[PDB]
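So this one's input.txt, compact mmCIF, C-alpha atoms:
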```
# COMPACT_ATOMS: atom_id res chain seq x y z
CA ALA V 1 14.67 13.67 6.56
CA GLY V 2 13.56 10.32 5.16
CA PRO V 3 15.15 9.07 1.93
CA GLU V 4 11.74 9.06 0.19
CA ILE V 5 10.94 12.75 0.74
CA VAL V 6 14.47 13.72 -0.33
CA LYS V 7 14.14 11.77 -3.58
CA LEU V 8 10.57 13.04 -3.93
CA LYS V 9 11.74 16.66 -3.77
CA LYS V 10 14.51 15.85 -6.25
CA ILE V 11 12.12 14.41 -8.83
CA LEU V 12 9.62 17.26 -8.41
CA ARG V 13 12.21 19.95 -9.14
CA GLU V 14 13.64 17.95 -12.05
CA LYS V 15 10.15 17.66 -13.54
CA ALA V 16 8.74 21.14 -12.87
CA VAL V 17 8.47 24.19 -15.11
CA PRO V 18 11.02 26.95 -14.31
CA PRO V 19 9.84 29.93 -12.18
CA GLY V 20 7.91 32.67 -13.95
CA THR V 21 7.03 30.99 -17.24
CA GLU V 22 3.31 31.23 -17.91
CA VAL V 23 1.69 27.86 -18.44
CA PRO V 24 -1.75 28.24 -20.05
CA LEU V 25 -4.59 27.05 -17.81
CA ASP V 26 -5.81 24.32 -20.18
CA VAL V 27 -2.22 23.05 -20.34
CA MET V 28 -1.94 22.94 -16.53
CA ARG V 29 -5.37 21.27 -16.35
CA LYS V 30 -4.43 18.53 -18.83
CA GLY V 31 -1.02 18.00 -17.26
CA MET V 32 -2.60 17.50 -13.86
CA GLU V 33 -5.04 14.97 -15.34
CA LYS V 34 -2.27 12.96 -17.01
CA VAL V 35 0.02 12.66 -13.97
CA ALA V 36 -2.89 11.72 -11.69
CA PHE V 37 -2.36 8.48 -9.75
CA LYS V 38 -4.54 5.48 -10.50
CA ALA V 39 -6.66 4.67 -7.44
CA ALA V 40 -5.99 1.31 -5.76
CA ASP V 41 -7.89 -1.54 -7.43
CA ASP V 42 -9.94 -2.29 -4.30
CA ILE V 43 -11.37 1.22 -4.34
CA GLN V 44 -14.96 1.10 -5.57
CA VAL V 45 -16.47 4.05 -7.37
CA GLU V 46 -20.00 5.19 -8.25
CA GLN V 47 -20.91 8.23 -10.34
CA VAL V 48 -23.63 10.53 -9.02
CA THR V 49 -24.96 14.02 -9.71
CA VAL V 50 -24.87 16.23 -6.61
CA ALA V 51 -26.16 19.83 -6.64
CA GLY V 52 -25.80 20.06 -10.42
CA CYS V 53 -22.21 18.78 -10.19
CA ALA V 54 -20.68 15.47 -11.23
CA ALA V 55 -19.36 13.50 -8.29
CA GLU V 56 -18.21 10.06 -7.29
CA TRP V 57 -18.93 8.06 -4.20
CA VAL V 58 -15.47 6.79 -3.34
CA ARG V 59 -15.70 3.61 -1.27
CA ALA V 60 -12.65 1.78 0.05
CA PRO V 61 -13.13 -1.57 1.74
CA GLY V 62 -14.26 -1.40 5.37
CA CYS V 63 -16.71 1.49 4.90
CA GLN V 64 -19.25 1.92 7.71
CA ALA V 65 -22.95 2.30 6.95
CA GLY V 66 -24.37 5.73 7.77
CA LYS V 67 -21.10 7.69 7.59
CA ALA V 68 -19.77 9.93 4.81
CA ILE V 69 -17.06 12.48 4.02
CA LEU V 70 -17.63 15.43 1.72
CA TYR V 71 -14.28 15.83 -0.02
CA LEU V 72 -13.14 19.07 -1.67
CA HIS V 73 -10.18 18.69 -4.04
CA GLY V 74 -7.25 21.04 -4.54
CA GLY V 75 -6.22 22.81 -7.72
CA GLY V 76 -6.02 26.49 -6.82
CA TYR V 77 -9.75 26.84 -7.54
CA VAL V 78 -8.89 26.71 -11.28
CA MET V 79 -8.10 23.04 -11.88
CA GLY V 80 -8.24 19.53 -10.46
CA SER V 81 -11.07 17.03 -10.72
CA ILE V 82 -12.52 13.75 -9.48
CA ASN V 83 -9.83 11.98 -11.50
CA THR V 84 -6.90 13.93 -10.05
CA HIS V 85 -7.87 13.18 -6.46
CA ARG V 86 -9.54 9.75 -6.64
CA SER V 87 -6.38 7.97 -5.42
CA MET V 88 -5.80 10.04 -2.27
CA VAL V 89 -9.52 10.15 -1.46
CA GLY V 90 -9.71 6.36 -1.69
CA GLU V 91 -6.94 6.07 0.89
CA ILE V 92 -8.73 8.55 3.13
CA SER V 93 -11.88 6.46 2.78
CA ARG V 94 -9.77 3.43 3.74
CA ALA V 95 -8.26 5.03 6.86
CA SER V 96 -11.54 6.60 8.00
CA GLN V 97 -13.66 3.54 7.17
CA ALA V 98 -16.25 5.81 5.52
CA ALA V 99 -17.35 6.41 1.93
CA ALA V 100 -16.39 9.77 0.44
CA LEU V 101 -18.39 12.16 -1.75
CA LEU V 102 -15.81 13.54 -4.20
CA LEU V 103 -17.30 16.74 -5.61
CA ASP V 104 -16.50 18.16 -9.03
CA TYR V 105 -17.36 21.70 -7.89
CA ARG V 106 -17.38 24.65 -10.33
CA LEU V 107 -13.98 26.09 -11.23
CA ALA V 108 -12.62 29.52 -12.11
CA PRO V 109 -12.26 31.40 -14.40
CA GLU V 110 -15.37 29.86 -15.99
CA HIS V 111 -17.09 30.00 -12.60
CA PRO V 112 -15.44 32.53 -10.27
CA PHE V 113 -15.96 32.99 -6.52
CA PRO V 114 -18.33 32.21 -4.90
CA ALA V 115 -19.35 29.32 -7.22
CA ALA V 116 -17.16 26.74 -5.40
CA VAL V 117 -18.61 27.65 -1.99
CA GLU V 118 -22.17 27.39 -3.29
CA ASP V 119 -21.42 23.91 -4.65
CA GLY V 120 -19.76 22.85 -1.39
CA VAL V 121 -22.62 24.10 0.78
CA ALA V 122 -25.26 22.59 -1.51
CA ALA V 123 -23.40 19.27 -1.59
CA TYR V 124 -23.28 19.25 2.20
CA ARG V 125 -26.98 20.08 2.25
CA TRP V 126 -27.52 17.24 -0.25
CA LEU V 127 -25.81 14.79 2.13
CA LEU V 128 -28.19 15.87 4.90
CA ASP V 129 -31.29 15.47 2.72
CA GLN V 130 -30.11 11.99 1.70
CA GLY V 131 -30.44 11.07 5.37
CA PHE V 132 -26.90 11.43 6.66
CA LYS V 133 -26.83 12.62 10.26
CA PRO V 134 -24.56 15.61 11.05
CA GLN V 135 -22.85 13.49 13.71
CA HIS V 136 -22.02 10.93 11.01
CA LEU V 137 -20.41 13.44 8.66
CA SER V 138 -17.02 15.05 8.07
CA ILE V 139 -15.66 17.54 5.53
CA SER V 140 -12.09 17.33 4.22
CA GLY V 141 -10.01 18.81 1.44
CA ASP V 142 -6.58 19.83 0.28
CA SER V 143 -4.91 23.10 -0.71
CA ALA V 144 -7.59 25.34 -2.23
CA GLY V 145 -10.04 22.63 -1.21
CA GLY V 146 -8.81 22.86 2.38
CA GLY V 147 -9.72 26.53 2.46
CA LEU V 148 -12.98 25.59 0.75
CA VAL V 149 -13.68 23.25 3.67
CA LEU V 150 -13.62 26.16 6.12
CA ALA V 151 -15.60 28.46 3.82
CA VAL V 152 -18.29 25.83 3.32
CA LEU V 153 -18.56 25.38 7.09
CA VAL V 154 -18.80 29.11 7.77
CA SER V 155 -21.31 29.65 4.97
CA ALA V 156 -23.38 26.62 6.00
CA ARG V 157 -23.40 27.88 9.59
CA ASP V 158 -24.57 31.34 8.51
CA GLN V 159 -27.39 29.62 6.61
CA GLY V 160 -28.50 27.70 9.70
CA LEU V 161 -27.14 24.33 8.58
CA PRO V 162 -26.04 21.91 11.34
CA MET V 163 -22.28 21.38 11.77
CA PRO V 164 -20.70 17.97 10.99
CA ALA V 165 -18.67 15.95 13.50
CA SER V 166 -15.28 17.04 12.15
CA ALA V 167 -13.34 18.89 9.47
CA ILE V 168 -9.83 18.19 8.20
CA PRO V 169 -8.20 20.82 5.96
CA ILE V 170 -5.01 19.48 4.37
CA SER V 171 -2.41 22.16 3.57
CA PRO V 172 -5.26 24.67 3.40
CA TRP V 173 -5.04 27.79 1.28
CA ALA V 174 -7.08 30.02 3.57
CA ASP V 175 -5.76 33.49 2.63
CA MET V 176 -6.15 34.80 -0.94
CA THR V 177 -3.87 37.77 -0.21
CA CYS V 178 -0.76 35.54 -0.13
CA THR V 179 1.02 38.07 2.09
CA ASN V 180 2.19 35.67 4.81
CA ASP V 181 5.89 35.43 5.73
CA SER V 182 6.18 31.75 4.75
CA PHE V 183 5.81 32.82 1.10
CA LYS V 184 9.27 34.36 1.60
CA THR V 185 10.74 32.26 4.41
CA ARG V 186 9.70 28.81 3.11
CA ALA V 187 9.97 29.53 -0.62
CA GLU V 188 13.39 27.88 -0.86
CA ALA V 189 12.19 24.51 0.49
CA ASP V 190 8.92 24.45 -1.50
CA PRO V 191 9.11 22.48 -4.78
CA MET V 192 5.31 22.62 -5.22
CA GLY V 193 3.26 34.15 -8.33
CA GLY V 194 1.42 31.42 -10.20
CA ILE V 195 -0.66 31.16 -7.06
CA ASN V 196 -1.45 34.89 -7.31
CA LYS V 197 -2.80 34.40 -10.84
CA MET V 198 -5.10 31.65 -9.58
CA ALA V 199 -6.32 33.93 -6.79
CA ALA V 200 -6.98 36.61 -9.41
CA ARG V 201 -8.93 34.08 -11.49
CA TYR V 202 -11.03 32.84 -8.58
CA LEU V 203 -11.81 36.24 -7.03
CA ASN V 204 -12.43 38.05 -10.33
CA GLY V 205 -12.59 41.44 -8.61
CA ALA V 206 -13.96 40.21 -5.27
CA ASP V 207 -12.53 41.18 -1.87
CA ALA V 208 -9.56 38.94 -1.05
CA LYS V 209 -10.48 39.26 2.62
CA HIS V 210 -14.00 37.95 1.99
CA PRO V 211 -14.70 35.34 4.73
CA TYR V 212 -15.89 32.75 2.20
CA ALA V 213 -12.82 33.39 0.02
CA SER V 214 -10.27 33.59 2.82
CA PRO V 215 -11.56 31.82 5.96
CA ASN V 216 -8.57 33.08 7.95
CA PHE V 217 -10.52 36.37 8.08
CA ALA V 218 -13.86 34.66 8.80
CA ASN V 219 -15.80 34.23 12.03
CA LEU V 220 -15.11 30.58 12.87
CA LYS V 221 -17.32 30.48 15.98
CA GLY V 222 -19.32 27.26 16.32
CA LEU V 223 -17.19 25.23 13.89
CA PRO V 224 -16.61 21.46 14.44
CA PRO V 225 -13.31 20.07 15.85
CA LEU V 226 -10.44 20.67 13.42
CA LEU V 227 -7.42 18.63 12.35
CA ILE V 228 -5.09 20.80 10.31
CA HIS V 229 -2.27 19.12 8.41
CA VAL V 230 0.55 21.17 6.89
CA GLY V 231 4.18 20.64 5.91
CA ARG V 232 7.00 22.68 7.41
CA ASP V 233 8.45 23.02 3.90
CA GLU V 234 5.62 24.87 2.16
CA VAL V 235 4.75 28.50 1.47
CA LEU V 236 1.28 27.95 2.95
CA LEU V 237 2.71 27.20 6.41
CA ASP V 238 1.52 30.47 7.95
CA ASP V 239 -1.98 29.92 6.53
CA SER V 240 -2.30 26.84 8.74
CA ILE V 241 -0.63 28.43 11.79
CA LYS V 242 -2.91 31.45 11.55
CA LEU V 243 -6.01 29.33 10.92
CA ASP V 244 -5.26 27.32 14.06
CA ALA V 245 -4.83 30.54 16.06
CA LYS V 246 -8.05 31.99 14.62
CA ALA V 247 -9.97 28.80 15.43
CA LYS V 248 -8.63 28.72 18.99
CA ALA V 249 -9.66 32.32 19.63
CA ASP V 250 -13.13 31.66 18.20
CA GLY V 251 -13.72 28.75 20.58
CA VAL V 252 -13.09 25.93 18.09
CA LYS V 253 -11.23 22.80 19.24
CA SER V 254 -8.38 22.86 16.73
CA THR V 255 -5.43 20.49 16.30
CA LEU V 256 -2.53 21.67 14.15
CA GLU V 257 0.08 19.21 12.94
CA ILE V 258 3.10 20.69 11.17
CA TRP V 259 4.92 17.70 9.64
CA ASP V 260 8.69 18.12 9.40
CA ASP V 261 10.37 18.03 5.97
CA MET V 262 6.98 17.57 4.31
CA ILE V 263 5.78 19.41 1.22
CA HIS V 264 2.38 20.67 -0.01
CA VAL V 265 -0.32 17.96 0.23
CA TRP V 266 2.34 15.29 0.72
CA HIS V 267 -0.64 12.98 1.32
CA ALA V 268 -1.06 12.76 -2.46
CA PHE V 269 2.31 11.01 -2.76
CA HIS V 270 1.25 8.11 -0.53
CA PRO V 271 2.30 5.45 -3.07
CA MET V 272 6.00 6.33 -2.61
CA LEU V 273 6.01 8.45 0.57
CA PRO V 274 5.59 6.65 3.93
CA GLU V 275 4.77 9.97 5.62
CA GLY V 276 2.06 10.43 3.00
CA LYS V 277 0.51 7.15 4.04
CA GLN V 278 1.02 7.97 7.74
CA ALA V 279 -0.75 11.33 7.50
CA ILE V 280 -3.69 9.82 5.62
CA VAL V 281 -3.96 7.17 8.35
CA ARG V 282 -3.91 10.03 10.87
CA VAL V 283 -6.68 11.87 9.01
CA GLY V 284 -8.90 8.78 9.02
CA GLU V 285 -8.12 8.12 12.68
CA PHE V 286 -9.08 11.65 13.71
CA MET V 287 -12.35 11.26 11.80
CA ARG V 288 -13.14 8.03 13.66
CA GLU V 289 -12.21 9.61 17.00
CA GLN V 290 -14.67 12.46 16.44
CA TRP V 291 -17.37 9.99 15.34
CA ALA V 292 -16.82 7.87 18.45
CA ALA V 293 -17.42 10.75 20.86
```

Would you write out, as structure tokens, the structure that this file holds?
Amino acid sequence: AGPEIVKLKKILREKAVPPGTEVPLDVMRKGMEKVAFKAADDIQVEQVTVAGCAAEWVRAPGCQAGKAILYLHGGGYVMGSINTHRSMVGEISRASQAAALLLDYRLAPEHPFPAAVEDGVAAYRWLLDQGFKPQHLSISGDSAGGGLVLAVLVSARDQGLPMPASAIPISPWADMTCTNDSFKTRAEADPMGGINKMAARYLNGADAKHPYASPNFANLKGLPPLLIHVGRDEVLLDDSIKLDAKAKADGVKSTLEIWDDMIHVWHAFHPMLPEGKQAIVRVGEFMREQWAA
């Protein structure tokens, strides 16, 4: 294990709330806002309204005309924002050489399932109506947003929408049931259930096996080529392994990368984690590969 990830895990545990204490949602929300990384100063930003939602066009230098990424942020479907993810999305824009549409989709419990999926699908539809070709598009997202990526694709496909050139779920949460073995077998090495409460907030009585809630139970047939990033040291490991397997069986060209010693959305720690930078570079490279094909 690299020195950076070791020290990163140390800091995270030293700074985290003990297991089982209930942090109010508005407290978690504000805490996530305050620890959010400042985006690099060469990242340009433009506010837009997309499908009734606030959003930002996130443009790193080197962005190609005609291309775009719909980005869906993490936050367990109950938190996160444009601000919390602007830094990581800028670096994805940089590696992929394409501007990114960072969507402030509707959150639970104010807006429970399927609000987030509706916003994702409509935002993707918005991109199309703006004149972006399907072959010039990609959809990416982390954690809850990584599951949201797959749900948006499946929903859009059921509604007759054309598929984009690629999709890259990062540490996706694709199973609301949280019954996978890695929740037990990787729990020791994961410094990042509170997750069950978030699932309860998002679902609000809905079936946890609903395809648009938990894409690991969805029909993935027809989906674009997948790059799935996940850390070996996270409780959501099996979500990614099972997603890959599901995609394979449903005909989808899927590529699963389990990064050793890595934690949940390690990409977000790119300022101090070389593997975080590396994986972001990989994401952008995969996007460009699928566009040049």

note - atom CA of residue 221 of chain V and atom CA of residue 160 of chain V are separated by 13.1 Å

Please provide as JSON, numbers by chain all residues within 10 Å of segment 1-12 of chain V, with the sequence filter that same-chain residues fewer than 2 positions apart are discarded (counting only C-alpha atoms).
{"V": [14, 15, 16, 17, 189, 190, 191, 192, 260, 261, 262, 263, 266, 269, 272, 273, 274, 275, 276]}

I want to know what sits within 10 Å of residue 135 of chain V, based on all atoms listed in the file, with residues of the same chain fewer than 5 positions away left out; could you give that as a list in words?
residues 66, 67, 162, 163, 164, 165, 166, 290, 291, 292 and 293 of chain V

Pick out the closest residue to residue 286 of chain V from this set: V:187, V:138, V:38, V:59. Count only C-alpha atoms.
V:138

Point-to-point distance in Å for atom CA of residue 39 of chain V and atom CA of residue 195 of chain V
27.2 Å

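Proximity ranking of V:198, V:203, V:53, V:99 relative to residue 28 of chain V places V:198 first, based on all atoms listed in the file.
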
List every residue of segment 88-194 of chain V that has an atom at most 10 Å from any atom of segment 223-237 of chain V, and for each one report the closest atom pair and its distance in Å to one decimal, counting all atoms listed in the file, with rows sorted by chain and then by increasing residue number, as a Markdown table.
```
| residue | atom | partner | partner_atom | distance |
| --- | --- | --- | --- | --- |
| V:138 | CA | V:224 | CA | 9.0 |
| V:139 | CA | V:224 | CA | 9.8 |
| V:140 | CA | V:227 | CA | 9.5 |
| V:142 | CA | V:229 | CA | 9.2 |
| V:143 | CA | V:236 | CA | 8.7 |
| V:146 | CA | V:228 | CA | 9.0 |
| V:150 | CA | V:223 | CA | 8.6 |
| V:153 | CA | V:223 | CA | 6.9 |
| V:154 | CA | V:223 | CA | 7.4 |
| V:157 | CA | V:223 | CA | 8.0 |
| V:162 | CA | V:223 | CA | 9.8 |
| V:163 | CA | V:224 | CA | 6.3 |
| V:164 | CA | V:224 | CA | 6.4 |
| V:165 | CA | V:224 | CA | 6.0 |
| V:166 | CA | V:224 | CA | 5.2 |
| V:167 | CA | V:226 | CA | 5.2 |
| V:168 | CA | V:227 | CA | 4.8 |
| V:169 | CA | V:228 | CA | 5.3 |
| V:170 | CA | V:229 | CA | 4.9 |
| V:171 | CA | V:230 | CA | 4.6 |
| V:172 | CA | V:236 | CA | 7.3 |
| V:173 | CA | V:236 | CA | 6.5 |
| V:174 | CA | V:236 | CA | 8.6 |
| V:175 | CA | V:236 | CA | 9.0 |
| V:178 | CA | V:236 | CA | 8.4 |
| V:180 | CA | V:236 | CA | 8.0 |
| V:181 | CA | V:235 | CA | 8.2 |
| V:182 | CA | V:235 | CA | 4.8 |
| V:183 | CA | V:235 | CA | 4.5 |
| V:184 | CA | V:235 | CA | 7.4 |
| V:185 | CA | V:235 | CA | 7.7 |
| V:186 | CA | V:235 | CA | 5.2 |
| V:187 | CA | V:235 | CA | 5.7 |
| V:188 | CA | V:233 | CA | 8.4 |
| V:189 | CA | V:233 | CA | 5.3 |
| V:190 | CA | V:234 | CA | 4.9 |
| V:191 | CA | V:234 | CA | 8.1 |
| V:192 | CA | V:234 | CA | 7.7 |
```

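Here atom CA of residue 220 of chain V is placed at a distance of 8.0 Å from atom CA of residue 251 of chain V.
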